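Undergrad: Here the first sequence stands for residues 1 to 81, 92 to 111, 116 to 296, numbered as in the deposited numbering. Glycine included, C-beta positions come from ideal geometry on N, C-alpha and C.
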Amino acid sequence: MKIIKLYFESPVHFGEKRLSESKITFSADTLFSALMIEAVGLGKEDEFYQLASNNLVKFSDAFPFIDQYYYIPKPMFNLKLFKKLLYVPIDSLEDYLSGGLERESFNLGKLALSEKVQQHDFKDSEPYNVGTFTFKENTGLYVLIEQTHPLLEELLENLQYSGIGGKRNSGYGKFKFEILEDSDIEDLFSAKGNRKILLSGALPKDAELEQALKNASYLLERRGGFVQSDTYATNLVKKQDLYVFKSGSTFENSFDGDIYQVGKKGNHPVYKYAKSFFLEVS
RNA sequence: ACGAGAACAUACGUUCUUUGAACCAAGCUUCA
């Protein structure tokens, strides 16, 4: 298991339904879509989808990190006996679970709002506004992968000089990436456990959804939007809405998701990575 | 096949109008 630490050199915009509103981090849907667009840029989207569908690449949602501290979302535990807390460090999960344990503050950056206009010559200009998020100086995001492949690294390097998120051609989203294989996180992931914490925006297939929802504390998340290409349907069109579990969810039974197809009435398919990525705890 | 594509926070706008560096003031005091 390896890491992809994303040190950002620019404001980002990772909107949820907006241009004016943004979140601090992105998801596996967006990174899979970005890598698929970089694959069709260099003609390897048949290879990349065959790698991703056969579980040769498996990446979680991008998660925050401050100095030598990797963070994950606050796992929804259904324990019996920190509402403003949202991110607990991944190494501190055992003694966060063993008792009511806050050691240091969580600061990643702060949100912003860019004020832009759409200038007209002989007409009054149109204001609009882009909500952004600027990271702090020695912070960023990381993505957990395992058994990395040279195609994944080539596509990541091509995505590095293209932009991640929204409004990327208009000033945002540039970053640099690094692998930096760690030893503590891989030992934390290799250990089994009775309860497993989801880490990507997954959705089980229709023959395992009942098995997945047994002793489950989940949160559904609507993950859709408009199709970003040029060869799809000669006008802007919204893909199929897919409701996946949120990345902080916690399950008893394991599952492997699917790369669902959300675009069918077009010249090329549109995919949505809802494969499952788990972390075992006790 | 990234809640995404496209989109200048842009256009018009004199740091400008008043007002004396004036008023007071033996180159003079003792010298065949």
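1) Within a Cβ cutoff of 6 Å, which residues of the same chain sit near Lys-260, ignoring the five residues on either side of it in sequence?
2) Only counting the same chain, and skipping five residues up and downstream in sequence, which positions put a Cβ closer than 8 Å to that of residue 114?
3) Assuming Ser-22 and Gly-145 form a contact by the criterion Cβ under 8 Å, report the distance between their Cβ atoms to the nearest whole angstrom.
4) Taking the alpha-carbon of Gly-262 as reference, which of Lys-279, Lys-17, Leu-96 has the nearest alpha-carbon?
5) Would you call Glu-118 buried or exposed, if buried means 16 or more other Cβ atoms sit within 10 Å of its Cβ?
6) For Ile-3, does the three-state DSSP call read helix, strand or coil?
7) Note down, in chain order, each residue of its chain lying with its Cβ closer than 8 Å to the Cβ of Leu-35, except the 5 sequence neighbours on either side.
8) In whole angstroms, give me the CA-to-CA distance for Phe-240 and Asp-105.
9) Would the region 183-200 count as touching the region 215-226 if we require 3 or more Cβ pairs under 8 Å?
10) So, do the region 12-27 and the region 43-58 have three or more beta carbon pairs nearer to each other than 8 Å?
11) Alpha carbon to alpha carbon, how far is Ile-100 from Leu-79?
12) Please say whether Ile-211 and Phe-92 have beta carbons closer to each other than 8 Å?
13) Alpha carbons only, please: which of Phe-63, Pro-141, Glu-266 is nearest the one belonging to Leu-127?
14) Could you give the residue range of the alpha helix (DSSP H) that holds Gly-41?
15) Apart from the five residues on each side of it in sequence, which residues of its chain come closer than 7 Å, Cβ to Cβ, to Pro-283?
16) Please identify the residue among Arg-237, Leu-111, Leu-6 whose C-alpha is closest to the C-alpha of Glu-16.
17) Tell me the rounded alpha-carbon separation between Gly-177 and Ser-33.
18) Taking all protein chains shown into account, decide if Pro-164 is buried (16 or more other Cβ within 10 angstroms of its Cβ) or exposed.
19) Measure the Cβ-Cβ separation of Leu-125 and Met-1 and say whether it is below 8 Å.
20) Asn-152: which of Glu-129, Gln-133, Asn-121 sits nearest, CA to CA?
21) To the nearest angstrom, how far is the alpha carbon of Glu-45 from that of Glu-200?
22) Report buried or exposed for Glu-224, applying the criterion of at least 16 other Cβ atoms within 10 angstroms of its Cβ.
23) Could you compute how far the alpha carbon of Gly-43 sits from the alpha carbon of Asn-208?
24) Leaving out five residues before and five after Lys-206 in sequence, what residues of the same chain have Cβ atoms less than 7 Å from its Cβ?
25) Please name the residue or residues paired with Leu-158 in a DSSP beta bridge.
26) With distance defined between alpha-carbon atoms, name the residue in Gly-271, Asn-143, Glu-160, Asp-67 nearest to residue 83.
27) Determine the extent of the alpha helix (DSSP H) in which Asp-46 is found, giving its start and end residues.
28) Excluding sequence positions up to five away, which residues of its chain have a Cβ less than 7 Å from the Cβ of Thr-245?
29) How far does the beta strand (DSSP E) with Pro-73 in it extend, from its first residue to its last?
30) What does the Cβ neighbour count give for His-13, buried or exposed, with the cut at 16 atoms within 10 Å?
TA: Checking against the coordinates, here is how it stands:
1) Taking the first residue of the first sequence as 1, we reach residue 260 at position 246. Same-chain partners within the cutoff: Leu-233, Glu-235.
2) Missing here is residue 114; the chain as given proceeds from 111 to 116 without the residues in between.
3) Translated into the one-based positions of the first sequence, residue 22 becomes position 22. Translated into the one-based positions of the first sequence, residue 145 becomes position 131. 4 Å between Cβ atoms; contact.
4) Counting from 1 along the first sequence, the entry for residue 262 is found at position 248. The shortest C-alpha separation from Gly-262 is found at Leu-96.
5) Counting from 1 along the first sequence, the entry for residue 118 is found at position 104. With fewer than 16 Cβ atoms within 10 Å of its Cβ, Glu-118 is classed as exposed.
6) Translated into positions along the first sequence, residue 3 becomes position 3. In the structure shown, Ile-3 sits in a strand (DSSP, three-state: E or B).
7) Along the first sequence, read from residue 1 onward, the residue named residue 35 stands at position 35. Closer than 8 Å at the Cβ level, and outside the excluded window around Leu-35, lie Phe-48, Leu-166, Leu-169, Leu-170, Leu-173.
8) Residue mapping note: residue 240 aligns to position 226 of the first sequence, counting from 1. Residue mapping note: residue 105 aligns to position 95 of the first sequence, counting from 1. Answer to the nearest angstrom: the Cα atoms are 42 Å apart.
9) no
10) no
11) The residue labelled residue 100 in the question sits at position 90 within the first sequence. The residue labelled residue 79 in the question sits at position 79 within the first sequence. Taking the straight line from one Cα to the other gives about 18 Å.
12) For the purposes of this step, residue 92 is identified with residue 82 of the first sequence, where counting begins at 1. For the purposes of this step, residue 211 is identified with residue 197 of the first sequence, where counting begins at 1. Their beta carbons are not under 8 Å apart, which means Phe-92 does not touch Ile-211 by this criterion.
13) As a first step, residue 127 must be located in the first sequence, where it is residue number 113. That would be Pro-141, whose Cα lies nearest to the Cα of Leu-127.
14) What you label residue 41 is simply residue 41 of the first sequence in a count that begins at 1. Taken as a continuous stretch (DSSP letters only), the alpha helix (DSSP H) holding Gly-41 covers 28-41.
15) On the first sequence, position 269 is the one that residue 283 refers to. Cβ within range, chain order: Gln-275, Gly-277.
16) Taking the first residue of the first sequence as position 1, residue 16 is located at position 16. Ranking the options by Cα distance to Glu-16, first place goes to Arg-237.
17) Within the first sequence, residue 177 is the residue found at index 163, counting from 1. Within the first sequence, residue 33 is the residue found at index 33, counting from 1. Approximately 12 Å, taken between the alpha carbons.
18) The residue you call residue 164 lines up with position 150 of the first sequence. Under this definition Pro-164 is an exposed residue.
19) Locating residue 125 in the first sequence gives position 111, counting from the first residue. Locating residue 1 in the first sequence gives position 1, counting from the first residue. No; because the gap between Cβ atoms is not below 8 Å, this pair is not in contact.
20) Stepping through the first sequence from its first residue, residue 152 is reached at position 138. The option with the nearest alpha carbon to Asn-152 is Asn-121.
21) Residue numbering aside, residue 45 sits at position 45 when the first sequence is read from its first letter. Residue numbering aside, residue 200 sits at position 186 when the first sequence is read from its first letter. The straight-line gap from Cα to Cα measures roughly 29 Å.
22) Here residue 224 refers to the residue found at position 210 when the first sequence is read from its first residue. Exposed, by the Cβ-count rule.
23) The residue labelled residue 43 in the question sits at position 43 within the first sequence. The residue labelled residue 208 in the question sits at position 194 within the first sequence. Rounded to the nearest angstrom, the two C-alpha atoms are 42 Å apart.
24) Working through the first sequence from its first residue, we reach residue 206 at position 192. Cβ within range, chain order: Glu-294.
25) Translated into positions along the first sequence, residue 158 becomes position 144. Its beta-bridge partners are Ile-3.
26) Between 81 and 92, the chain has no modelled residues, which means residue 83 does not appear in the coordinates.
27) One-based indexing of the first sequence puts residue 46 at position 46. Where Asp-46 is concerned, the enclosing alpha helix (DSSP H) stretches over 45-53.
28) Residue 245 sits at position 231 when you count from the first residue of the first sequence. The residues are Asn-281, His-282.
29) Taking the first residue of the first sequence as position 1, residue 73 is located at position 73. First-last of the beta strand (DSSP E) with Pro-73: 69-73.
30) By 1-based counting over the first sequence, the position of residue 13 is 13. The residue is buried, with at least 16 neighbouring Cβ atoms inside 10 Å.
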